[PDB]
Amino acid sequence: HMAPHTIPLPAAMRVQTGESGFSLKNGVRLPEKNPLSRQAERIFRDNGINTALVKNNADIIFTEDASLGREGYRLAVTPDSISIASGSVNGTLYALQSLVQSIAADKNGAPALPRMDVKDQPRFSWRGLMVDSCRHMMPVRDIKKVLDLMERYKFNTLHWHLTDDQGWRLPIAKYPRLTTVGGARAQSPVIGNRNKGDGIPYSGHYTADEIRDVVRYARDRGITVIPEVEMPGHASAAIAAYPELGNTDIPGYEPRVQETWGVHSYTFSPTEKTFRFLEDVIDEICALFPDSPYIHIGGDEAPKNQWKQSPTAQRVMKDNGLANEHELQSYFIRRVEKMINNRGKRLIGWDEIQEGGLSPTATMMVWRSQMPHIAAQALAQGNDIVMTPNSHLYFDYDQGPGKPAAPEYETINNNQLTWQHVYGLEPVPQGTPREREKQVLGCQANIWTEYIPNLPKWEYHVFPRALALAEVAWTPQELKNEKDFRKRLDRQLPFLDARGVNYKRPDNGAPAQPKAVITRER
């Protein structure tokens, strides 16, 4: 039998390629009473293997071992049975995904599994992708395709970037204008000519039932959805909907849902009214994401100028003994953190949240790789971090050669972040004390959508880079090997082809689906 092509590479795997394996030519019999068989049914059928729910003498034996924890598993494949041990449902999902990526043709060309044993568990507990639904919005049906592929590669976290300057997508019943006004912009930058507007309104939001459906579908695939509501910056859509939430006393105050990309100046005012609005929003977020351990508050790229120009903000600073607008930002984050903690969740924010003082309880999402001291200081102060470095995991960035020259394939910049570059990432900062390595929760790629209007382009930007990230996030650093990874990656392509995924071809860099239509039309 050929060697398994599983990505991420398991931590321990012994394959006896010369021994008799388990033939799949007649499908797999699943124990009908075990709820886990429903997930096995789904995963085997995704890979072209027939299944049947049987009362007696199933082929798969599910066993429980609490020592395997939330995500660890064991696999034992003999000619007689396929045994899967886990400590939780998600460990079983991961065993099943490893199993299907161990399928190879037998002597007669029928699918079979080798005689093999696997014991596996992830290096990092946070293994994420971030979807930006604000710059362009992707429908639930497309998010579900993303979630299916995330489970296959053992990603466990979808960070959902739901509010920004160019659109607010998160349904809040108490403040309907956030979506009816804040969900709509009058135009977008022209594709191929970002410095001009297209004159075409662009709007959308998720309904409450759609939010909950995504959360549930993700959870059934082992994925926790973590919501992000941006503050105090990236707030133009919310402020356009409710102008009293911004710095209304500045010269030239004219909030609007923004039509252009980049950093915008409209920040929330640090007032009691704004804090009550945010508490109301956080309350509804907790109802929509009841199982999320975190609420991401954003915190990036909030220019201080409007606060400098606002007598209201200056008075808040004097009231609270704040010497400058960085301390004002720290104060803002501290007050929102209390709202989140009072609902039993943890705050996470982009690495700008250390400005004016990093809360000792906040979790930091590290993205500005050009400022390595920020992550080092956060770790030294005892804080947990998640690594989303712009040096490696900004999947809006370009890749290696081979892409079409057409404007539809344009990207934000000409930085080439290839899958090879991603594969060489090591998330733990150099010189981190051994006892502080547990504060590095994991890593995640961010897929900003200024230049990604729809799913085929999203797939080109994300695959195969996310497969390299999946291995970085799961596999021990010392087991990574680019040459072997390429072999396994090449063996993933038939599965991705059968789903019509528009990945960037490893061989020549062209789209796998060169005729896919990339459009803003929804």
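One rule holds for the numbers: they count along the sequence shown, beginning at 1.
- Averaged over Cα atoms, the B-factor as recorded in the entry is higher for 105-113 than for the other of 105-113 and 195-203.
- Here the stretch with the larger average CA B-factor, out of 473-481 and 62-70, is 62-70.
- Sorting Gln444, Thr271, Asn390, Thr78 by the CA temperature factor given in the entry leaves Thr78 at the top.
- Taking the PDB entry at face value, the top CA B factor among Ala302, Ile211, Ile82, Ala240 belongs to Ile82.
- For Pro453, the recorded CA B-factor ranks within the lowest third of the chain. Only modelled residues enter the ranking.
- When the CA B factors of the chain's modelled residues are split into thirds, the value for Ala52 lands in the highest one.
- Placement of the Cα temperature factor of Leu36 within the chain: highest third of the modelled residues, per the deposited record.
- The PDB entry assigns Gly402 a C-alpha temperature factor belonging to the highest third of its chain's modelled residues.
- Placement of the Cα temperature factor of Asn413 within the chain: lowest third of the modelled residues, per the deposited record.
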